[PDB]
Amino acid sequence: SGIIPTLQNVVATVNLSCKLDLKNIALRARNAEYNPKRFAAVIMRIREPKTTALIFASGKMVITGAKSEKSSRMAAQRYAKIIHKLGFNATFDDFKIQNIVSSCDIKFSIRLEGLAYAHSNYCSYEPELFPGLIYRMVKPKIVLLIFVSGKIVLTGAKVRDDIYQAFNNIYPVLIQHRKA
Amino acid sequence: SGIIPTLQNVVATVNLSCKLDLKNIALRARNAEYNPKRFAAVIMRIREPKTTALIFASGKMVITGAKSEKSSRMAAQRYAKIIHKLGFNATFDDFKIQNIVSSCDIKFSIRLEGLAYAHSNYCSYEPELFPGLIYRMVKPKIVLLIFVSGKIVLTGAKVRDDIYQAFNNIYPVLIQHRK
């Protein structure tokens, strides 16, 4: 856990050109399952690197678990190829990153009460209801979760640059609220 | 905990017209303390209803703990009156609600994974990092925290109406992911 945000998860979507028989994908695929009472999609997993694909009846596919935009796109391509080798007429259309989650560690403790009451129109802190402080940044559009320990989670990014920009914005605020 | 959002906390600010001696407020006030190494403001509390005021050297005051907009304003007025009775020349200027937090309970469990992967551009779910699902609503501007238990917390509202509208918006999504 470094000071510069490390990507923890990238979620992407792609549209397959055709409707897929989910039960049959689960039957033929070596590492895919379909239990519609547990989850309304085929769950298919690749081991290296570790990702998961959620394959919906509509032909939409969600790819999750990747640690970068590049790794997300490569994973999506691999799942498409797996589905094509199973005999379905899918195409790879409209790949799009939907969310990027990241974290960092400033290595000092934060007095969350001080931060919350100094910036009450941008954040919420209610430890009875949730742990840590929720900061809604507007420029860029990022939601930060700020913890007493100095761990920071940044959510909602669509491109990496917004993650870094958001952290550059918040850092001088965090330093103002350091505690022992 | 009802289905309609109940306000849990209202945070407001007001500007006092004058700089205040924080040590002296803490000395003279029956229920106020000042420990600058612990918190950089006077902390003053009134018992009924329970609220807390944070009084800053700049003359800015934050009022917290109120359960409605009306109770927030009445509390702010009471703190101002307390400060005025202590001998400071403060005025009550620019009262403003900054945040309203609320909660409700839909009384069924939610498959958070289903909601997250159906709406991944609006929400984040990473239980290794945080509990429950964080949903950033745009219209109105509200952040919702959605828990497996069916408890919902709505944050970031400036007026009550936005809380209700945000919950009206999310409810049909939650019902789609019941477990």
# chains A, B, ... in the order shown; residues from 1 in each chain; ligands from 1
$ interface_residues --of "chain B" --to "chain A" --cutoff "10 Å" --atoms "only C-alpha atoms" --output "ChimeraX atom specification"
/B:8-9,11-13,37-41,54,56,61-64,97-103,111,113-114,117-126,129-132,134-136,141-143,145,151-158,177,179
$ residues_around --residues "residue 150 of chain B" --least-positions-apart "3" --cutoff "12 Å" --atoms "only C-alpha atoms" --output "number ranges by chain"
B: 1-3, 103-112, 132-133, 145-147, 153, 171, 174-175, 177-179
$ select_by_dssp --residues "segment 1-172 of chain A" --states "alpha helix (DSSP H)" --output "MDAnalysis selection string"
chainID A and resid 22:28 69:85 112:118 160:172
$ select_by_dssp --residues "segment 4-169 of chain A" --states "strand (DSSP E or B)" --output "PyMOL selection string"
chain A and resi 6-15+32-33+42-46+51-55+60-66+93-105+109-110+123-124+133-137+142-146+151-157
$ residues_around --residues "residue 19 of chain B" --least-positions-apart "5" --cutoff "6 Å" --atoms "only C-alpha atoms" --output "VMD selection string"
chain B and resid 57 to 59
$ write_last_selection --atoms "N, CA and C atoms" --output "PDB file, in the first residue's frame"
ATOM      1  N   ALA B  57     -12.418  29.658  16.191  1.00  0.00           N
ATOM      2  CA  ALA B  57     -11.798  30.944  16.492  1.00  0.00           C
ATOM      3  C   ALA B  57     -12.226  31.999  15.473  1.00  0.00           C
ATOM      4  N   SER B  58     -12.331  31.586  14.216  1.00  0.00           N
ATOM      5  CA  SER B  58     -12.795  32.465  13.143  1.00  0.00           C
ATOM      6  C   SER B  58     -14.183  33.076  13.379  1.00  0.00           C
ATOM      7  N   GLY B  59     -14.924  32.555  14.354  1.00  0.00           N
ATOM      8  CA  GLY B  59     -16.296  32.981  14.594  1.00  0.00           C
ATOM      9  C   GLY B  59     -17.338  32.092  13.910  1.00  0.00           C
TER      10      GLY B  59
END
$ residues_around --residues "residue 105 of chain A" --least-positions-apart "3" --cutoff "12 Å" --atoms "only C-alpha atoms" --output "ChimeraX atom specification"
/A:1-6,102,108-110,145-154,167,171,174
$ write_last_selection --atoms "N, CA, C and O atoms" --output "short mmCIF file (atom, residue, chain, number, x, y, z; two decimals), in the first residue's frame"
data_model
loop_
_atom_site.label_atom_id
_atom_site.label_comp_id
_atom_site.auth_asym_id
_atom_site.auth_seq_id
_atom_site.Cartn_x
_atom_site.Cartn_y
_atom_site.Cartn_z
N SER A 1 0.82 -1.21 0.00
CA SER A 1 0.00 0.00 0.00
C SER A 1 0.86 1.26 0.00
O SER A 1 1.44 1.63 1.02
N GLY A 2 0.94 1.91 -1.16
CA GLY A 2 1.73 3.12 -1.29
C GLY A 2 0.93 4.40 -1.14
O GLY A 2 -0.30 4.38 -0.97
N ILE A 3 1.63 5.52 -1.21
CA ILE A 3 1.03 6.84 -1.14
C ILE A 3 0.28 7.19 -2.43
O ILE A 3 -0.76 7.84 -2.39
N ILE A 4 0.82 6.77 -3.57
CA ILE A 4 0.13 6.94 -4.85
C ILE A 4 -0.90 5.83 -5.01
O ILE A 4 -0.58 4.66 -4.79
N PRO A 5 -2.14 6.19 -5.36
CA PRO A 5 -3.22 5.21 -5.49
C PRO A 5 -2.87 4.02 -6.38
O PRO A 5 -2.41 4.19 -7.50
N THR A 6 -3.10 2.83 -5.85
CA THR A 6 -2.92 1.58 -6.59
C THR A 6 -4.30 1.08 -7.02
O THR A 6 -5.20 1.02 -6.20
N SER A 102 -9.56 2.15 -6.26
CA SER A 102 -8.15 2.18 -5.91
C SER A 102 -7.98 2.55 -4.45
O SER A 102 -8.90 3.05 -3.81
N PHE A 108 -0.31 8.06 8.21
CA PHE A 108 -0.56 8.74 9.47
C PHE A 108 -2.05 8.68 9.76
O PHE A 108 -2.86 8.46 8.86
N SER A 109 -2.40 8.86 11.02
CA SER A 109 -3.80 8.80 11.41
C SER A 109 -4.49 10.13 11.17
O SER A 109 -3.86 11.19 11.23
N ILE A 110 -5.79 10.08 10.90
CA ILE A 110 -6.56 11.27 10.57
C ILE A 110 -7.66 11.49 11.61
O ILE A 110 -8.37 10.54 11.96
N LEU A 145 -13.28 7.34 0.33
CA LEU A 145 -13.56 6.82 1.65
C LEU A 145 -12.29 7.00 2.45
O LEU A 145 -11.23 6.48 2.08
N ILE A 146 -12.39 7.76 3.54
CA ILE A 146 -11.22 8.17 4.32
C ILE A 146 -11.31 7.57 5.71
O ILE A 146 -12.28 7.78 6.43
N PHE A 147 -10.28 6.80 6.07
CA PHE A 147 -10.30 6.04 7.32
C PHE A 147 -9.33 6.60 8.36
O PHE A 147 -8.30 7.19 8.01
N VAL A 148 -9.67 6.40 9.63
CA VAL A 148 -8.85 6.91 10.73
C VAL A 148 -7.39 6.49 10.59
O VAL A 148 -6.49 7.24 10.94
N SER A 149 -7.18 5.28 10.08
CA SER A 149 -5.83 4.70 9.96
C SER A 149 -4.95 5.41 8.94
O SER A 149 -3.73 5.21 8.91
N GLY A 150 -5.54 6.24 8.08
CA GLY A 150 -4.80 6.84 6.99
C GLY A 150 -4.93 6.07 5.69
O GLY A 150 -4.34 6.45 4.67
N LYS A 151 -5.69 4.98 5.71
CA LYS A 151 -6.05 4.31 4.46
C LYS A 151 -7.12 5.11 3.72
O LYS A 151 -8.06 5.60 4.31
N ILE A 152 -6.95 5.24 2.41
CA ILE A 152 -7.86 5.98 1.56
C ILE A 152 -8.34 5.07 0.45
O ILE A 152 -7.52 4.39 -0.19
N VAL A 153 -9.64 5.06 0.19
CA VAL A 153 -10.15 4.34 -0.98
C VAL A 153 -10.82 5.34 -1.92
O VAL A 153 -11.57 6.19 -1.46
N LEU A 154 -10.50 5.27 -3.21
CA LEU A 154 -11.08 6.16 -4.20
C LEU A 154 -11.96 5.34 -5.14
O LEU A 154 -11.52 4.31 -5.69
N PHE A 167 -6.79 12.40 -5.68
CA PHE A 167 -5.90 12.25 -4.54
C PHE A 167 -5.02 13.49 -4.35
O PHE A 167 -4.79 13.94 -3.23
N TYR A 171 -5.15 15.41 -0.66
CA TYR A 171 -3.99 15.23 0.21
C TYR A 171 -3.72 16.43 1.14
O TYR A 171 -3.48 16.23 2.34
N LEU A 174 -6.10 16.27 4.03
CA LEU A 174 -5.75 15.22 5.00
C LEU A 174 -4.62 15.67 5.93
O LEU A 174 -4.65 15.41 7.14
#
$ residues_around --residues "residue 86 of chain B" --least-positions-apart "2" --cutoff "9 Å" --atoms "only C-alpha atoms" --output "ChimeraX atom specification"
/B:25,28-29,81-84,88
$ atom_distance --atom1 "atom CA of residue 84 of chain A" --atom2 "atom CA of residue 23 of chain A"
15.8 Å
$ residues_around --residues "residue 74 of chain A" --least-positions-apart "4" --cutoff "12 Å" --atoms "only C-alpha atoms" --output "tab-separated table (two decimals) with N, CA and C atoms, in the first residue's frame"
chain	number	residue	atom	x	y	z
A	12	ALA	N	-15.45	-3.52	-16.34
A	12	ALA	CA	-15.73	-3.16	-17.72
A	12	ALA	C	-16.94	-3.91	-18.23
A	46	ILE	N	-11.16	-16.88	-15.32
A	46	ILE	CA	-9.83	-17.17	-15.84
A	46	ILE	C	-8.85	-17.13	-14.67
A	48	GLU	N	-5.20	-16.74	-14.80
A	48	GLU	CA	-4.02	-15.88	-14.88
A	48	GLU	C	-4.08	-14.83	-15.99
A	49	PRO	N	-4.18	-13.54	-15.61
A	49	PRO	CA	-4.40	-13.12	-14.22
A	49	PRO	C	-5.85	-13.41	-13.77
A	50	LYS	N	-6.09	-13.38	-12.46
A	50	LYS	CA	-7.42	-13.68	-11.94
A	50	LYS	C	-8.46	-12.64	-12.33
A	51	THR	N	-9.43	-13.03	-13.15
A	51	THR	CA	-10.56	-12.16	-13.42
A	51	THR	C	-11.84	-13.00	-13.40
A	63	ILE	N	-16.91	-7.60	-17.00
A	63	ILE	CA	-15.62	-8.18	-16.64
A	63	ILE	C	-15.11	-7.50	-15.39
A	64	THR	N	-14.71	-8.27	-14.40
A	64	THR	CA	-14.28	-7.67	-13.13
A	64	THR	C	-13.05	-8.35	-12.59
A	66	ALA	N	-9.90	-7.19	-12.80
A	66	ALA	CA	-8.65	-6.75	-13.43
A	66	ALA	C	-8.01	-5.57	-12.67
A	67	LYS	N	-6.69	-5.45	-12.77
A	67	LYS	CA	-5.94	-4.45	-12.00
A	67	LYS	C	-5.47	-3.27	-12.84
A	68	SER	N	-5.85	-3.27	-14.11
A	68	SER	CA	-5.55	-2.15	-14.99
A	68	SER	C	-6.51	-2.16	-16.15
A	69	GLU	N	-6.57	-1.03	-16.83
A	69	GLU	CA	-7.36	-0.88	-18.03
A	69	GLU	C	-6.88	-1.86	-19.12
A	70	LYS	N	-5.57	-2.00	-19.27
A	70	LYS	CA	-5.01	-2.91	-20.28
A	70	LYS	C	-5.36	-4.36	-19.97
A	78	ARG	N	-10.04	-12.39	-24.05
A	78	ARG	CA	-9.90	-13.82	-23.76
A	78	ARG	C	-11.24	-14.52	-23.52
A	79	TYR	N	-12.14	-13.87	-22.78
A	79	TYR	CA	-13.48	-14.42	-22.57
A	79	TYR	C	-14.24	-14.51	-23.89
A	80	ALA	N	-14.11	-13.50	-24.74
A	80	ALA	CA	-14.81	-13.52	-26.03
A	80	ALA	C	-14.35	-14.73	-26.84
A	81	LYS	N	-13.04	-14.95	-26.84
A	81	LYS	CA	-12.42	-16.06	-27.56
A	81	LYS	C	-12.85	-17.43	-27.02
A	92	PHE	N	-17.07	-8.78	-30.34
A	92	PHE	CA	-16.54	-7.95	-29.26
A	92	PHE	C	-16.90	-6.50	-29.53
A	95	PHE	N	-16.55	-2.19	-25.90
A	95	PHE	CA	-15.85	-2.34	-24.63
A	95	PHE	C	-15.81	-0.99	-23.93
$ closest_residue --among "B:4, B:115, B:35, B:78" --to "residue 176 of chain B" --atoms "only C-alpha atoms"
B:115
